Amino acid sequence: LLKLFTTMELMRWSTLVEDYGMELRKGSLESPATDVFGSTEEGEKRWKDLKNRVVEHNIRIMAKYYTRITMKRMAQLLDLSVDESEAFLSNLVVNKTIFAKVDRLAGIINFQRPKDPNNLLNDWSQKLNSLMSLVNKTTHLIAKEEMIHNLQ
Amino acid sequence: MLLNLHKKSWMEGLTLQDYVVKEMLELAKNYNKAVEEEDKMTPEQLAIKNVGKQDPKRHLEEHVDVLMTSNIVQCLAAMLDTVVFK
Amino acid sequence: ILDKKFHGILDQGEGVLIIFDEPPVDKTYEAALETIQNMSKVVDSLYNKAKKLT
Amino acid sequence: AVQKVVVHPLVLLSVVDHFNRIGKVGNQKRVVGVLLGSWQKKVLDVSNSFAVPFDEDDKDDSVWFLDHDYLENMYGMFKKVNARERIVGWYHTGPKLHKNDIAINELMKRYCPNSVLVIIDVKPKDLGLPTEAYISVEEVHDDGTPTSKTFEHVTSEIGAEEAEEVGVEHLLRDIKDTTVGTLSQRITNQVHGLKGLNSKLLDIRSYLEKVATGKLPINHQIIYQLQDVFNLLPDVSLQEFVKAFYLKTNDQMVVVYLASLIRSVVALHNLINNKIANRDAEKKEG
């Protein structure tokens, strides 16, 4: 359960279904497994909430980790089907909190920034961030020159 | 040495650390529109008649040097890629 | 798209129908509106310029 | 602890005046003195300092002499006239560090735990930056010796204060603040380019001298580890910003369209005023 909590381990959902369908069998303790999983009611919607969580978590971490991606390879790497991703991503766009992008003619889809409207921070990042670290390299490589010139 | 440590300290930038380049130009094109229309609205009302009246109110419109020096800064700081890089 | 707008250009083969424009560009507009009257002034002054000489 | 400071050049003339004390009478040729510090914030502040009568011999290079009445009760008189100012560290000349540095470090730490000394120069014709600041911590080594109090460096800087240039900037008269666009940035250009790549020529030269006969920076592997931070850009044989091809095109785009439009409007400023004002005041013949 803590293993599910930081990138969730890019896995097959049914292995976790093994690991958490053992819990209705597990011990005399069965009522948390009843409330979450062993219910033919809201707990079955909690099963489907775990489905929601796994596809939603693929969205949560992979929407950081997207540059360019095909459609159906995504659809089968979401621990689910291909055409079922129609509904299974229409819910993730009525999620409406991730700005996204898909193409159905060529399959190349993509979750990214709104298409480079401001080109500045490339220049700013390189010049200011790295090259001001490089003008600090003078300030602290003369310090490390003094470090090595202790014994020199 | 205090001249050195006045235009090296008491004026900002210890010269490794200046070469704001762009967001100042967003604000500066705000400048170079807002200052511009006021540079436009006034000299329409210059002495377009033949009057020999001699009593000015003085405001000295012109707004040249802001444009000039700020955009020399903008061009030679847009140079920074081709200057510091290669 | 025809009569009204929300500036959605026909983006047939993308899959977003991207709705985009930059309405503040009006520094250039405002400078054009300047030039139009700046040389109305200059042309009005040309009468003095080509009149008081000869 | 100590990270950056605020230092005002009254300490600098308080170095140069004791340099005037021991220069013409020069026998031990060095200005070593005590840095009083109004320790306010994590940023440090100095408005006072005094130079101890002091010597430092060469043989065994650990013979050295304070003056503990001049160190204690002069500081007490100073605390009476200014209790805000207290001790924070010291200073010396002879920018080549030596072995007695760690001994006066041992004694400077018992007055203030996070003390900081100041390497100075008596004639900075530098790039430049002014005088130095350290930090004394114990990292001992990968070696296993008894405690190594090796001098770590604080990035030094300079602050400011009201009414402390009143006659001096009056005497120089060569003050030129608003001229950035012709000179004030090309000085920085010359400076950071040439003076940073020649410090980098000392980097390649010194570290290829370590290649030949030297330390060859093992066990301080932060040297080439931080040259990797330089090596964010490798620039391999086509100089590799052909992905920044269009990005640099879009960067040239904005400012050059600003140049074209705005400088045409700058012409529209200049020419009209020049022609009208000149034609008026020229055709008025008298």
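By the numbers in Swiss-Prot, the shown part of chain D spans 5-290.
For this deposited structure, the header notes the method as electron microscopy, 4.2 Å.
Each Cβ is built from the backbone N, Cα and C atoms, and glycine gets one as well.
Taken from Swiss-Prot as is:
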type: CROSSLNK; residues: D:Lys180; note: ubiquitin cross-link
type: DOMAIN; residues: D:9-144; note: domain 'MPN'
type: MOD_RES; residues: D:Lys204; note: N6-acetyllysine
type: MOD_RES; residues: D:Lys214; note: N6-acetyllysine
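What Swiss-Prot annotates, mapped onto the structure for a quick look.
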residue: D:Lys180; record: ubiquitin cross-link; Cβ neighbours (10 Å): 9
residue: D:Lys204; record: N6-acetyllysine; Cβ neighbours (10 Å): 16
residue: D:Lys214; record: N6-acetyllysine; Cβ neighbours (10 Å): 16
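D:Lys204 (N6-acetyllysine) sits 14 Å from D:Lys214 (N6-acetyllysine), taking the Cα positions as reference. Taking the C-alpha positions, the distance from D:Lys180 (ubiquitin cross-link) to D:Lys214 (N6-acetyllysine) comes to 44 Å. With DSSP classes pooled into helix, strand and coil, the tally for the domain 'MPN' (D:9-144) is 39 helix, 26 strand, 71 coil.
Look at D:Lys180 (ubiquitin cross-link): DSSP puts it in coil.
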